[PDB]
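S.K.: what's the 3D shape of this:
(one chain, ligands or ions: 3)
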Amino acid sequence: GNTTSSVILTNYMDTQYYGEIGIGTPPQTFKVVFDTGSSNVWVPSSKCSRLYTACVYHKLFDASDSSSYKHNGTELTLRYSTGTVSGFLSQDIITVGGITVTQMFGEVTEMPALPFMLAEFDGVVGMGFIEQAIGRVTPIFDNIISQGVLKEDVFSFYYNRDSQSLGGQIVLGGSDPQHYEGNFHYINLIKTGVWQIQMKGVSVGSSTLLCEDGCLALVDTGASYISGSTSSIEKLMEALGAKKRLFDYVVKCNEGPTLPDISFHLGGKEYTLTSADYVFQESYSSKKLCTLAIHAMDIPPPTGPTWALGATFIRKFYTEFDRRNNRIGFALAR
Ligand SMILES: CC(C)CNC(=O)[C@@H](C[C@H](O)[C@@H]1COCc2cccc(c2)[C@@H](c2ccccc2)NC(=O)c2cc(cc(N(C)S(C)(=O)=O)c2)C(=O)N1)C(C)C
Ligand code: NA
Ligand code: NA
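M.R.: Residues are numbered from 1 along each chain as shown. Ligands and ions are numbered 1, 2, ... in the order given. You can find the structure just below:
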């Protein structure tokens, strides 16, 4: 086709980038994260027990209010690396950036307080491949391609720096040159089915201290930060003189601006983050601790061990996900 469509995103505190979808007739509106690390769409259900406080605090889909709803009812559990939801499958009409698609999605009835009480958004729209879809449900992007309206079988992400201001943007069917400069450089996927590419090395300061034999990088728009395996991150954090707290790593705030660059060697280009890119520079006090936008995440094989490049990375590098050519392109965001 000749359609390019955009989804405007809200940036909450540089950690949560989400947009709006409409489900049902008349539309029921949901805030959702668009997640290349997964392939299922789900929103909280009206059938969720209110003993789940996340369900008291989020928007709930009510099938009883939708004339276009089609019952299915198959049970669905979605295990993410950092949390789990469970519910049942349903079909309805979904509008996303002006495109309307008939979609099977999860109505979530079990929604843990962590992390969901902490989330500004209600649900998740997976932008991965069918290979990673739980219950073999056709992912939304596949459904949209089937309409033959998009100019290209690609989608792109722009995540802005926090703040009038656009929080971010997804382009379905292309890229937006207003939000990048220079040229795209592409890396082939290791294989169709996962948004994951080969990484040649990771250097901290100048020295490929890390990933010396090569490693994997999963480009994850549904993750706020950059992560590596526990052992890689242990090495990385030693180099930074960072202290491991419970869920994150910290540095004295005054030391923040002087931490070294971290570079990611992807397909022949070096992608360099400076300390301003990966430190949440709250104050510059030596009496305060500043959190790093780098975590440990251990993904079991076949997918892992893998690094994940989340919002920290994408904020600096506009990212295009090309399904036609099974590749990811990066360009310098603006
Ligand atoms: C069946 C499989 C195909 C499922 N796929 C997966 O599990 C993939 C992870 C998903 O992208 C998942 C989506 O959450 C989507 C989602 C749902 C709810 C909340 C959030 C993200 C949000 C969050 C957490 C806490 C408070 C506020 C927001 N989380 C985050 O920012 C967040 C989310 C994740 C990881 C981190 N890191 C550890 S990180 C950034 O260092 O790499 C941070 C994650 O598992 N993100 C991995 C394979 C990479
Ligand atoms: Na708490
Ligand atoms: Na927490």
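S.K.: what residues are up against the residue found closest to residue 264 once you drop the neighbours it is linked to in the chain?
M.R.: Counting by C-beta to C-beta, 6 or more residues apart in numbering, residue 264 lies nearest to residue 271, which is 4.4 Å off, once chain neighbours are set aside. Every residue, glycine included, has its C-beta placed from N, CA and C. Residues counted as contacts of residue 271 (C-beta atoms under 8 Å, 6 or more residues apart in numbering) are 263, 264, 265, 313, 316, 317, 330.
S.K.: my guess is the fourth one is in a strand, correct?
M.R.: No - the assignment for residue 313 by DSSP: H, G, I helix; E, B strand; the rest coil gives helix, which leaves it out of any strand.
S.K.: that one: how many residues sit nearby?
M.R.: Residue 313 has 27 neighbouring residues, counting by other C-beta atoms under 10 Å.
S.K.: wait, it sits on residue 263?
M.R.: No - the pair residue 313 / residue 263 is not scored as a contact, 11.5 Å apart, by C-beta atoms under 8 Å.
S.K.: give me the common contacts of the two.
M.R.: Joint contacts of residue 313 and residue 263 (C-beta under 8 Å, 6+ apart) are 271, 273.
S.K.: what about the helices in the stretch 1-150 of the chain?
M.R.: Assigned by DSSP state H, counting those that start in this stretch, the helices in the stretch 1-150 of the chain fall at 53-57, 113-116, 140-145.
S.K.: between these, which gets nearest to ligand 1?
M.R.: For the helices of the stretch 1-150 of the chain, the distance to ligand 1 is smallest for helix 113-116, at 3.5 Å, taking C-beta to the nearest ligand atom.
S.K.: report whether the closest one contacts ligand 1.
M.R.: Yes - Helix 113-116 lies within reach of ligand 1 by C-beta under 6 Å from any ligand atom, at residue 115.
S.K.: quick one: buried residues of that helix?
M.R.: Residues of helix 113-116 classed as buried by neighbour count (16 or more other C-beta atoms under 10 Å): residue 116.
S.K.: and it, what does it pack against?
M.R.: helix 53-57 (3 or more C-beta pairs under 8 Å, 6 or more residues apart in numbering; DSSP states H and E).
S.K.: so which bits of the helix it packs on are buried?
M.R.: 54, 55.
S.K.: before we move on, what about stretch 124-139?
M.R.: In stretch 124-139, counting by 16+ other C-beta under 10 Å, buried: 124, 125, 126, 127, 128, 129, 132, 133, 137, 139.
S.K.: and stretch 20-33, by the same measure?
M.R.: Neighbour-count burial for stretch 20-33 flags 20, 21, 22, 23, 24, 27, 28, 30, 31, 32, 33 (criterion: 16+ other C-beta under 10 Å).
S.K.: what about that stretch, start to end distance?
M.R.: Start to finish, the residues bounding stretch 20-33 are 9 Å apart (C-alpha to C-alpha, to the nearest Å).
S.K.: next: stretch 302-319.
M.R.: By C-alpha to C-alpha, one end of stretch 302-319 lies 24 Å from the other end.
S.K.: just list the residues touching the residue in the chain positioned nearest to ligand 1, thanks.
M.R.: At 2.4 Å from ligand 1, residue 37 is the closest residue in the chain, using C-beta to the nearest ligand atom. By C-beta under 8 Å, 6+ apart, residue 37 lies in contact with 80, 126, 128, 195, 218, 220, 221, 222, 223, 308.
S.K.: of those residues, just say which sits nearest to residue 205.
M.R.: Taking C-beta to C-beta as the measure, residue 205 sits nearest to residue 308 out of the contacts of residue 37, at 22.1 Å.
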